[PDB]
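Chains as they are written, first to last, in full-length UniProt numbering: chain R, 311 to 346; chain G, 311 to 346; chain L, 311 to 346; chain S, 311 to 346; chain X, 311 to 346; chain V, 312 to 352; chain H, 312 to 352; chain W, 312 to 352; chain F, 312 to 352; chain B, 312 to 352.
Below is one structure, written out as structure tokens; comments come after it.
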């Protein structure tokens with residue numbers, strides 16, 4: 311009856327002369343409850 | 311009956327001569343409740 | 311019957327000669343309740 | 311019957327010779343209640 | 311029957327020789343209640 | 312350097328009726344925000 | 312350098328009726344955000 | 312350098328009726344975000 | 312350099328009825344994000 | 312350099328009825344993200 315945790319946690323890091331770029335296409339949940 | 315936590319937590323970091331750029335396309339939840 | 315927490319928490323950081331730019335396309339929730 | 315928290319909390323930081331610019335396309339909730 | 315909190319809290323910071331500029335495209339809620 | 316769009320909503324009520332229809336956050340936008348990185352200490 | 316779109320929603324109620332229909336976050340957008348990296352210490 | 316799309320939702324209620332229909336996060340977008348890497352210490 | 316699409320949802324209620332129908336995160340997008348690597352220390 | 316698609320959902324309720332139907336994360340996307348490697352120390 312209870313779902314729980316829905317976590318999307320995107321995080322980026324880089325260091326020490328590194329290079330870092332990105333682009334997200336699509337991201338998301340899609341969730342549902344039934345009871346009868 | 312209770313959903314829970316819906317968390318999107320995007321975070322960016324970089325250091326020490328790094329480079330960092332980004333662009334998000336689409337992001338979001340899509341959620342629903344039924345009871346009968 | 312109770313949803314819970316709907317959290318979008320985007321945050322940006324960078325340090326120490328870093329570079330940081332971004333642009334978001336689309337962001338948002340899309341949520342719903344039914345009971346019958 | 312009760313939704314909960316609808317939080318968008320965008321925040322920006324950078325330090326120590328960093329550079330930081332951004333532009334948001336679209337942002338927002340889209341939410342709904344039904345009971346019958 | 312009760313919604314809850316609808317929070318958009320955009321905040322900007324930067325320090326220590328940093329640079330910081332931005333421009334928002336669109337921002338806002340879009341929310342609704344039904345009961346029958 | 313954009314295009315075009317057209318919006319004609321038809322909303323009518325009737326006997327013992329009500330419709331609410333809050334809507335609309337729409338258009339097009341363009342962004343010029345390039346930059347160049349800083350230099351050494 | 313975009314295209315085109317068309318939106319005609321038909322919403323009608325009737326006897327003992329109500330419709331709410333909150334909608335709309337729509338269009339097109341374009342991004343120029345290139346950069347060049349920093350240099351040494 | 313995009314295309315085209317068309318959206319005509321038909322929503323009608325009736326006796327002792329309600330429909331809610333929250334919807335819409337839609338369009339097209341384009342991205343220019345190239346860069347060049349930094350140099351030595 | 313895209314194509315095309317068409318969306319016509321038909322949603323109708325009736326006696327003692329309700330439909331909710333939250334939907335829509337849709338379109339097309341394109342990405343230019345190439346780069347060149349950094350150099351030595 | 313894409314194609315095409317068409318989406319017509321038919322959703323109707325009836326007496327003592329409800330349908331919810333949350334849906335939609337759809338389209339096409341293209342990626343330009345090549346790079347060149349760094350050099351020596």
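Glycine included, C-beta positions come from ideal geometry on N, C-alpha and C.
Interface criterion met: the Cβ of residue 344/X is under 9 Å from a Cβ in chain W. One finds 348 in chain H with Cβ atoms closer than 7 Å to the Cβ of residue 329/G, taken in chain order. Pairing residue 336/S with residue 321/L gives a Cβ-Cβ distance that is not under 9 Å. Listed along chain G, the residues sitting closer than 8 Å to residue 336/F by beta-carbon distance are 336, 338 and 340. Relative to the Cα of residue 345/L, the nearest Cα in the group 351/F, 331/F, 349/F and 342/F belongs to 331/F. One alpha carbon belongs to residue 315/F, the other to residue 314/W, and they sit about 5 Å apart.
One alpha carbon belongs to residue 342/V, the other to residue 340/F, and they sit about 15 Å apart.
Our two residues, residue 312/B and residue 312/F, have alpha carbons roughly 5 Å apart in a direct line. Taking the CA atoms as reference points, residue 352/H sits about 29 Å from residue 333/R. An exposed status is given to residue 347/B, since fewer than 16 other beta-carbon atoms sit within 10 Å of its beta-carbon.
Taking CB atoms only, residue 351/W has a neighbour in chain R less than 9 Å away.
Taking the Cβ atoms as the reference, residue 317/H lies roughly 5 Å from residue 317/W, within the contact range of under 8 Å.
According to the DSSP assignment, residue 316/S belongs to the beta strand (DSSP E) that extends over 314-318. With respect to the 9 Å criterion, residue 325/S and residue 328/X are classified as neighbours on the basis of their beta carbons. As DSSP reads the structure, residue 336/W sits in no beta bridge. By the neighbour-count criterion, in which 16 or more other beta carbons inside 10 Å mark a residue as buried, residue 338/W falls on the buried side. The C-alpha of residue 319/L is placed about 34 Å away from the C-alpha of residue 319/B. Under the three-state reduction of DSSP, residue 342/L is assigned to coil, being neither helix nor strand. The beta-carbon of residue 333/B is placed less than 9 Å from the nearest beta-carbon of chain L.
As computed with DSSP, residue 328/F is found in a beta bridge with 328/W and 328/B. Within the DSSP bridge table, the entry for residue 347/W names 347/H and 347/F as partners. Counting along the chain, the unbroken beta strand (DSSP E) around residue 322/W starts and ends at 321-323.
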